[PDB]
Amino acid sequence: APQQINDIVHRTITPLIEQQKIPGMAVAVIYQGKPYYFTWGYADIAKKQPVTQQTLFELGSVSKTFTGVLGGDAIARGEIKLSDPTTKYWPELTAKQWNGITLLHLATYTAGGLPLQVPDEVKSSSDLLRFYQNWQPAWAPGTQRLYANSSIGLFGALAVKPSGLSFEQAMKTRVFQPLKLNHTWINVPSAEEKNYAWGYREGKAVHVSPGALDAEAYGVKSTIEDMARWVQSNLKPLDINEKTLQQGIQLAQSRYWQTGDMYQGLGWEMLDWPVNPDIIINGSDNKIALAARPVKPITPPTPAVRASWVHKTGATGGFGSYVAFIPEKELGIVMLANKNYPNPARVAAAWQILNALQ
Ligand SMILES: *C(=O)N1C[C@H](NOS(=O)(=O)O)CC[C@H]1C(N)=O
């Protein structure tokens with residue numbers, strides 16, 4: 001790595017790890033299109049297993065970027081349209097509040113108040129039907145953004161229905177395999193458990209529990225190498241040979257709604273670059289990021305803007321992840337940690353690194 005990259009990374013990440021008491025961490029900087037890797041600490045504290053470039057971290061809600069791109073690929077294949085009604089893909093969803101709720105609304109958290117989580121009690125498709133049939137919206141569709149695993153989770157499950165594939169099989173065949181993400185998993189194979197870091201919550205080793213729509217909203221595990229490749233693919237989709245996947249990557253960075261200075265993509269969120277760092281840092285705090293916010297539609301959606309800060313946070317009980325990139329600058333960062341530490345500290349560190357390298 002160029003000394004300027006080593007310098008800024010060690011100057012930024014070393015005190016972050018000390019301040020947040022992070023047990024293990026992996027970072028990739030993508031600089032002029034090439035990846036540079038850094039690792040610290042332990043994937044398993046008690047067993048003294050170091051983090052390596054093959055360590056699997058739980059991505060939590062960063063998984064939604066894969067879901068958004070898979071949905072964009074289905075659009076590009078002609079299999080779905082974002083204007084399609086939800087009920088086109090789930091005709092059993094008959095309750096009257098679903099009239100007018102489209103795939104766009106599900107994908108972008110604008111259906112009208114779908115809740116942050118699918119309830120833990122919901123486990124089968126019959127439970128899931130009852131949940132969505134009994135849900136009562138707080139707002140008309142397309143008026144308020146309320147970040148929700150139950151919203152984009154349902155989008156992902158329905159987006160793959162025309163293909164005839166399960167969500168997991170669609171993701172493997174249409175996204176992971178073409179991009180050579182050979183160590184990215186919705187379900188970690190038995191033979192890969194030795195590479196799966198433990199997460200740490202209040203000092204206790206933990207892994208994410210199964211839940212309905214987990215794969216779609218928060219369930220992917222990946223290595224720092226595969227995540228660097230994922231950033232490269234989203235930075236420069238023109239190098240992707242599979243045309244519908246290239247197009248799906250582009251569509252996930254289209255701007256569908258604006259609230260404040262942020263724009264909602266498919267999974268990804270975007271702001272115009274240069275950003276105000278306080279806006280992205282403070283906006284990442286759960287107090288703002290999980291709050292309902294009024295949206296303005298963008299009709300037609302703005303095609304992906306190269307001079308954007310494109311990013312996504314994610315957490316599980318034991319992990320904290322962050323990805324951010326600037327297509328115009330060919331510049332990106334992935335930060336994976338096996339402790340869920342506050343979002344603003346992730347965003348502040350990422351901006352400090354990328355701003356120094358721009
Ligand atoms: C994703 O990691 N999740 C859903 C939601 N994401 O917001 S975050 O990206 O600002 O963390 C809350 C955290 C997490 C979850 N517990 O489901």
Side-chain angles (χ1 to χ4, degrees), residues 20 22 56-68 106-111 113-123 128 131 144-157 184-186 197 199-202 204 206-222 227 230 252 259-260 262-271 279-293 309-325 333-351:
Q20 303 294 333
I22 292 162
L56 294 164
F57 292 81
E58 295 175 0
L59 302 181
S61 290
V62 170
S63 300
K64 295 182 176 76
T65 66
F66 294 98
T67 304
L106 294 181
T108 57
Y109 326 117
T110 53
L114 283 170
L116 180 58
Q117 304 293 353
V118 182
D120 290 336
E121 294 78 14
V122 167
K123 300 172 185 175
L128 196 63
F131 164 66
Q144 304 278 164
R145 182 187 178 273
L146 177 68
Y147 184 99
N149 293 338
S150 72
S151 187
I152 195 177
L154 182 56
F155 169 75
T184 298
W185 311 104
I186 285 164
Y200 289 94
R201 189 189 167 276
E202 305 301 333
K204 300 187 173 179
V206 294
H207 279 151
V208 69
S209 292
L213 310 176
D214 54 3
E216 289 89 341
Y218 57 82
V220 178
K221 297 88 188 182
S222 189
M227 292 305 292
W230 178 235
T259 188
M262 70 147 287
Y263 300 93
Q264 184 62 52
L266 305 182
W268 294 114
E269 295 164 22
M270 293 84 58
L271 298 89
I279 292 296
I280 50 166
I281 294 163
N282 298 338
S284 75
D285 192 294
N286 291 331
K287 289 176 186 189
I288 303 307
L290 306 181
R293 296 180 70 184
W309 178 272
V310 189
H311 67 164
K312 188 69 182 82
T313 52
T316 60
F319 289 83
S321 303
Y322 186 62
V323 177
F325 62 91
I333 188 172
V334 182
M335 298 160 65
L336 308 178
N338 63 349
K339 182 181 174 186
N340 174 13
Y341 65 102
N343 287 330
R346 313 179 196 174
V347 178
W351 187 85

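Only this structure's heavy atoms are used, side chains among them; waters, hydrogens and symmetry mates stay out. One-based numbering, in listed order, for ligands and for the atoms of each. One-based numbering along the sequence shown.
For an aromatic pair to be called close, the ring centres must be under 6.0 Å apart, and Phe325 with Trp268 satisfies this.
Residues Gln20 and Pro342 approach most closely at OE1-CD, 3.3 Å, considering heavy atoms. The two residues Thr67 and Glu216 have their closest heavy-atom pair at OG1-O, 2.6 Å.
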Under a 3.5 Å threshold, I'd like every N/O contact between ligand 1 and protein atoms, with atom names and distance.
residue: ligand 1; atom: 2 (O); partner: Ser61; partner atom: N; Å: 2.7
residue: ligand 1; atom: 2 (O); partner: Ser61; partner atom: OG; Å: 2.3
residue: ligand 1; atom: 2 (O); partner: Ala315; partner atom: N; Å: 2.8
residue: ligand 1; atom: 2 (O); partner: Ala315; partner atom: O; Å: 3.0
residue: ligand 1; atom: 3 (N); partner: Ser61; partner atom: OG; Å: 2.3
residue: ligand 1; atom: 6 (N); partner: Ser61; partner atom: OG; Å: 3.1
residue: ligand 1; atom: 6 (N); partner: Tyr147; partner atom: OH; Å: 3.3
residue: ligand 1; atom: 9 (O); partner: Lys312; partner atom: NZ; Å: 3.3
residue: ligand 1; atom: 9 (O); partner: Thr313; partner atom: O; Å: 3.2
residue: ligand 1; atom: 9 (O); partner: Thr313; partner atom: OG1; Å: 2.6
residue: ligand 1; atom: 10 (O); partner: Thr313; partner atom: OG1; Å: 3.4
residue: ligand 1; atom: 10 (O); partner: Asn343; partner atom: ND2; Å: 3.2
residue: ligand 1; atom: 17 (O); partner: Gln117; partner atom: NE2; Å: 2.8
residue: ligand 1; atom: 17 (O); partner: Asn149; partner atom: ND2; Å: 3.0

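Of the N and O atoms on the side chains of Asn282 and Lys287, not one donor lies less than 3.5 Å from an acceptor on the other residue. In the model, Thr184 has no side-chain atom that pairs as donor or acceptor with a side-chain atom of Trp230 under 3.5 Å.
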Applying side chain to side chain donor-acceptor pair (under 3.5 Å), run through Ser61 and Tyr147 and close with a yes or a no.
CA-CA 11 Å; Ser61 290; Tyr147 184 99; 3.1 Å; yes

